[PDB]
Every structure is written in structure tokens, then in C-alpha cells.
There are 2 protein chains.
Amino acid sequence: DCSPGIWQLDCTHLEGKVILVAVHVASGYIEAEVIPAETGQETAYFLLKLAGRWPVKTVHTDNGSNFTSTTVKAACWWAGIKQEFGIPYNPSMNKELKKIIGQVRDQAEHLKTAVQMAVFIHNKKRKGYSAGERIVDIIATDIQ
Amino acid sequence: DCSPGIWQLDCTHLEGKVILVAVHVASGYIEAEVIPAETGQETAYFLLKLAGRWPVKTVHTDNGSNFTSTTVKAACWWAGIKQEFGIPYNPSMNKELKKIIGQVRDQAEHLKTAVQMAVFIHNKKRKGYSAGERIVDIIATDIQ
Ligand SMILES: CCC[C@H](C(=O)O)c1c(C)nc2ccc(Cl)cc2c1-c1ccccc1
Ligand SMILES: CCC[C@H](C(=O)O)c1c(C)nc2ccc(Cl)cc2c1-c1ccccc1
Ligand SMILES: [Ca+2]
Ligand SMILES: [Ca+2]
């Protein structure tokens, strides 16, 4: 898609651990972190964090059941987030992110650290703005 | 101060818990979270997260010993962060943030949740842009 308030939220798996990945669809900018379990409370808390940092209007996911828990619904309610309906499911940051994590994996002991390193690398890599520059440009324009 | 890459990082205490608070000095925009202990590894991990999300050039603090641990130094090294020298120590988001947390405290069970709610409220409150609008404007301008 490409509206500036649209984000996509999914979980991946690596080293037996769960990584929550959010993508700002218009820019390719990512936020990701290892979470202790793939549960509604983790997703809800992550969304509240995300929404305080960026103007999150709608969220999409590739696993719709992710958004059925009462706790997640309460988080979208409180932050005024709606579900996104304009992106069809047609069955990949996850693998690109995983590629980077593999590249920097030995630079740190804990997977959670490597994930943040990969997020950093991803957001700053120019390809010609970087995703990090694109998101702030997109958002600022949309404000003014 | 007011250069766009300057952040300030401090910890506060509430309900026997530790809250790490980072302020983008130019805008007043905040990121904050409860951390399990006031240690170097927590600070280092937080800085890496922060640096992947915003262009962090220099960091200041009101407790200089916060930045003496080897792990913190390694995080600033990896992310290319330097210590800020242009802000003198003259002995307050912490209390403003605490005010908001008090106001929304019953809206959630866990302090960590209320903290994210307070961060959200703080960043979006207009007073006339909001801190959230100011930071992206400041950064985007500085890019172009
Ligand atoms: C971020 C904190 C955890 C991190 C890790 O690897 O997951 C870590 C740990 C556990 N311990 C350390 C001890 C010494 C040094 Cl220099 C660095 C580190 C680093 C480090 C590795 C890369 C960059 C910064 C710190
Ligand atoms: C964010 C997850 C933890 C949060 C809390 O309070 O710290 C929480 C928990 C533990 N349990 C819940 C059960 C039901 C509902 Cl509707 C909401 C929640 C909420 C909630 C409260 C406010 C906003 C969203 C969820
Ligand atoms: Ca329930
Ligand atoms: Ca040491």
C-alpha cells in the first residue's frame, strides 16, 4: 500500500526465538524485537509502544488471528488504531531481515542484540534515500 | 541544546521500578520504558534500539557514571554515537512524565503499560505542534 499511517505487524522465528517485526509499508522502515512468547499481550504492548512513537492509523498482518485477543483489541482501541483492509492476502522483510541478522550474528552474544543491529543496518542502508530518511520525509510532508 | 542529533538519557524511579527516559532535546519528544535493573547492559541495548530508529549523534545524561560501563561504550562505538559536551550540568521531563503516568495509572494493571500510555500522551499533546510532529519536522528539514 502507501498511505503514511499504515503498518504491517508479523512474527518470525529464529534460533527457537520469536521476533516481532513491524514495517511502515510506505517507506520500508522497520521496528523489530525478540519477544518472549507469541502472545496477545506482547503484541498489545508492542503496538502501544509503536503508536507513541509514530502516527499509526491502521495495521495489517499476514496472520489475522494475531489480532483476535481481547488485549490486542484494547490496545488498538486505546491508541485509536484500526485494522487495515486495503492490502489483500496473496500467498519479504522477514527474510531480508534474517539475511542481515545472519551477517551480523557473531557481532553479539544474544539474538536480541543482533536483531537491533540488523534493524539499524536496514533502516540506514541507502538505496536514493534510506528507509529511515523516507519515513520521516513521508510523515513530515503529510503533516505540512 | 538544539542540534537535531542530541538526545538525553536518564533513569527515574516509580513503584520500586526503574524507568529509562530518553529525550530528543530539540523537540521534547520522548521514548521511555521500564527496565528490570539500572545496569549498563540495559542502557546499551536501549541505545542500540534508539539509534536504529532515529539519527542519534550525541547523548547526554544527568548521571555521567551511567556511561562508564564497557557494554555501553561498545554500544555507542558500534552505532557511532559520541558523548555530548555542550550541555552544562546545572543542579524536568521526569516529573512531567510522572505527572502523566499518575493521571493514566489506573487505566492499566502494569506500570510498564502506563509508561507507554504516558509516552503516547506526551508525544501527541499539542502545545502549536506536538513533540511528535516537531521531531519529524526537525529531522526531515535537517535531511533536506
Ligand atoms: C547490548 C548488550 C548485550 C550485548 C550482546 O552481546 O548481546 C553485549 C553483552 C551481553 N556483553 C558485552 C560485554 C562486553 C562488550 Cl565490549 C560488549 C558486550 C555486548 C555488546 C555487543 C555489541 C554491541 C554492544 C554491546
Ligand atoms: C498491554 C498489555 C498489558 C495491559 C496492562 O494492563 O498492563 C493489559 C493486561 C495485562 N490485560 C488486559 C486484559 C484485558 C484487557 Cl481489555 C486489557 C488488558 C490490558 C490493556 C490495558 C490497556 C490497554 C491495552 C491493554
Ligand atoms: Ca479474554
Ligand atoms: Ca568490563
Side-chain angles (χ1 to χ4, degrees), chain A residues 7 9-11 18-22 31-59 61 63-83 107-110 113, chain B residues 12-20 30-49 63-78 81 83 97-98 100-125:
Chain A
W7 292 76
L9 202 50
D10 297 287
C11 291
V18 176
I19 304 163
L20 197 166
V21 183
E31 301 210 358
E33 44 208 308
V34 174
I35 57 177
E38 212 162 334
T39 65
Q41 298 195 352
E42 293 295 329
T43 301
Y45 179 81
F46 180 100
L47 279 159
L48 254 15
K49 274 218 272 80
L50 184 65
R53 294 159 181 57
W54 303 101
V56 183
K57 197 176 107 188
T58 61
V59 176
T61 183
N63 183 170
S65 68
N66 279 335
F67 293 164
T68 63
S69 83
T70 292
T71 66
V72 170
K73 289 168 169 182
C76 289
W77 168 81
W78 190 91
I81 299 172
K82 291 175 183 185
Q83 188 148 6
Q107 215 140 152
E109 168 174 6
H110 307 283
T113 306
Chain B
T12 2
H13 299 86
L14 203 66
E15 299 180 17
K17 290 183 160 63
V18 176
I19 304 163
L20 197 166
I30 74 166
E31 301 210 358
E33 44 208 308
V34 174
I35 57 177
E38 212 162 334
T39 65
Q41 298 195 352
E42 293 295 329
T43 301
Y45 179 81
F46 180 100
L47 279 159
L48 254 15
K49 274 218 272 80
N63 183 170
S65 68
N66 279 335
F67 293 164
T68 63
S69 83
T70 292
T71 66
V72 170
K73 289 168 169 182
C76 289
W77 168 81
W78 190 91
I81 299 172
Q83 188 148 6
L97 185 69
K98 278 171 175 179
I100 302 162
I101 293 173
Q103 301 174 337
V104 303
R105 183 64 184 93
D106 56 18
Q107 215 140 152
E109 168 174 6
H110 307 283
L111 172 59
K112 61 186 178 186
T113 306
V115 169
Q116 300 312 139
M117 289 175 165
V119 166
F120 176 109
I121 284 155
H122 179 268
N123 287 339
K124 299 192 166 276
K125 185 175 283 167

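Each chain gets a letter, A, B and so on, in the order its sequence line appears, and its residues count up from 1. Numbering of ligands and ligand atoms starts at 1, following listing order.
- Closer than 4.0 Å to atom 23 (C) of ligand 2 lies at least one heavy atom of the protein.
- In B:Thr113, the part holding a heavy atom less than 4.0 Å from any atom of ligand 2 is the side chain.
- Judged by distance alone, the side chain of A:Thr61 and the main-chain N or O of A:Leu9 form a donor-acceptor pair under 3.5 Å.
- A donor-acceptor pair is defined here as one N or O able to donate and one able to accept, closer than 3.5 Å; no such pair exists between the side chain of B:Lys112 and the backbone of B:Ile19.
- The nearest protein atom to atom 9 (C) of ligand 2, hydrogens excluded, is given as A:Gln41 NE2, 4.3 Å; this is a heavy-atom distance.
- Of all protein heavy atoms, the one closest to atom 13 (C) of ligand 2 is A:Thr71 CG2, 3.6 Å.
- A 4.5 Å side-chain heavy-atom check between A:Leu48 and B:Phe120 finds every atom pair outside the cut-off.
- The shortest contact between atom 21 (C) of ligand 2 and any protein heavy atom is with B:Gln107 O, 4.0 Å.
- Residue A:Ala74 approaches ligand 2 through these ligand atoms, each under 4.0 Å from one of its heavy atoms: 16 (Cl), 17 (C), 24 (C), 25 (C).
- Here the heavy atom of the protein found nearest to atom 16 (Cl) of ligand 2 is A:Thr70 CG2, 3.4 Å.
- Atom CD1 of B:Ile101 and atom CD of B:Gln116 lie 9.0 Å apart (nearest 0.5 Å).
- Among all heavy-atom pairs drawn from A:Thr71 and A:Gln41, the shortest one is OG1-N, 3.5 Å.
- The atoms of ligand 2 that sit less than 4.0 Å from any heavy atom of B:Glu109 are 5 (C), 6 (O), 7 (O).
- Within a 4.0 Å radius of atom 5 (C) of ligand 2, the protein contributes at least one heavy atom.
- Looking only at atom types and distance, the side chain of B:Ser65 has a donor-acceptor partner in the side chain of B:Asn63 under 3.5 Å away.
- A donor-acceptor pair shorter than 3.5 Å cannot be found between the side chains of A:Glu31 and A:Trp7.
- Neither the backbone nor the side chain of B:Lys112 has any atom closer than 4.0 Å to an atom of ligand 2 (non-hydrogen atoms only).
- The nearest protein atom to atom 10 (C) of ligand 2, hydrogens excluded, is given as B:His110 CD2, 3.7 Å; this is a heavy-atom distance.
- Counting all heavy atoms, side chain and backbone alike, B:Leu97 lies closest to B:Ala32 at CD2-CB, 4.1 Å.
- If you number the atoms of ligand 2 from 1 as listed, the ones under 4.0 Å from a heavy atom of B:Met117 come out as 22 (C), 23 (C).
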